[PDB]
Every structure is written in structure tokens, then in C-alpha cells.
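Below is one structure, written out as C-alpha cells; the observations come after it.
Read-outs throughout are calculated quantities, based only on the coordinates presented, and are distinct from any laboratory measurement. FYI the Cβ positions are ideal-geometry reconstructions off the backbone, even for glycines, and counts take in every protein chain you see.
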Amino acid sequence: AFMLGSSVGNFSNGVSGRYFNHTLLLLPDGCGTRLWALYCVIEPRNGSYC
Amino acid sequence: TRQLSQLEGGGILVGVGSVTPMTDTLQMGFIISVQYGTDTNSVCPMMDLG
């Protein structure tokens with residue numbers, strides 16, 4: 001599973017690995033029977049442990 | 001100015017970009033480019049050859 005994007009930076013607490021724009025997501029799905037290609041903006045949810 | 005999470009520097013622009021007033025008619029730029037042999041040459045003009 002991959003996460004490709006142009007710009008990268010720290011999260012709120014400080015852990016690396018956040019992409020700040022449209023991000024390409026290559027997520028295999030369907031118990032290895034389907035590949036998702038998403039070009040979306042990913043917003044960190046404020047919920048617990050998110 | 002940005003310098004947000006660059007991890008390599010500051011990142012400024014005085015993007016004055018002279019905002020020259022819009023002309024009476026809209027004017028546009030076009031950069032065309034074609035490729036051969038990288039696929040089937042499938043981008044073809046409209047015809048009724050038969």
C-alpha cells in the first residue's frame with residue numbers, strides 16, 4: 001500500500017509522514033482482488049488515536 | 001513567505017506578477033505536443049474512409 005504526494009511535513013504532535021495536498025493512494029482491496037487509485041486531499045481526523 | 005515545515009530553508013516569492021488589466025477579449029496560450037510509437041497511433045482525425 002502506497003501514499004505518493006508532492007509536499008510532505010510533520011503532523012501536529014511531530015511525527016513525520018503527512019502529505020499536505022492532493023495525494024495519490026494505491027490501496028489494494030477486496031482481499032487482494034481490487035486496486036484503488038485515489039487522487040484526493042487527506043484531512044487528518046481529530047478523533048482519538050487518529 | 002512560507003518556511004512552514006520546509007526542512008531545507010525559507011521559501012519566499014515577491015510574486016508581483018504584474019497583474020496587467022484584462023484585455024477586451026480573452027487571450028490564451030497553447031503548448032501542443034504529439035507522440036509517435038509509444039502506443040497504437042490511436043489519436044486520429046475524424047473521417048468516413050470506410
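Brief remarks on what is shown
- Residues of the stretch A:36-44 include at least one that is more than 14 Å from chain B (Cβ to nearest Cβ) and in contact with an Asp or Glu (Cβ under 7 Å, 6 or more places away or on another chain).
- Scanning the stretch A:28-46 for residues that are in a loop (DSSP other than H, G, I, E, B) and either free of Cβ contacts under 8 Å to residues at least 12 places away in the same chain or surrounded by 10 or more Cβ atoms within 10 Å (Cβ to Cβ) (or both) returns A:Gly30, A:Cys31, A:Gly32, A:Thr33, A:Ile42, A:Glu43, A:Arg45, A:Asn46.
- Condition check for A:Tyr49: outside any strand (DSSP E or B), away from chain B (no Cβ under 14 Å) and exposed (fewer than 11 other Cβ atoms within 10 Å of the Cβ): yes
- Qualifying residue in the stretch A:28-36 (condition: out of contact with any helix residue (DSSP H, G or I) (no Cβ under 6 Å at 6 or more places or on another chain) and under 20 Å from B:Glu8 (Cβ atoms)): no
- Residue within the stretch B:33-45 that is of a type in the set (A, V, I, L, M), more than 30 Å from A:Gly14 (Cα to Cα) and more than 14 Å from every other protein chain (Cβ to nearest Cβ) present: yes
- Residues within the stretch A:1-22 that are closer than 17 Å to B:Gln3 by Cα, more than 10 Å from chain B (Cβ to nearest Cβ) and part of a strand (DSSP E or B), tallied: 1
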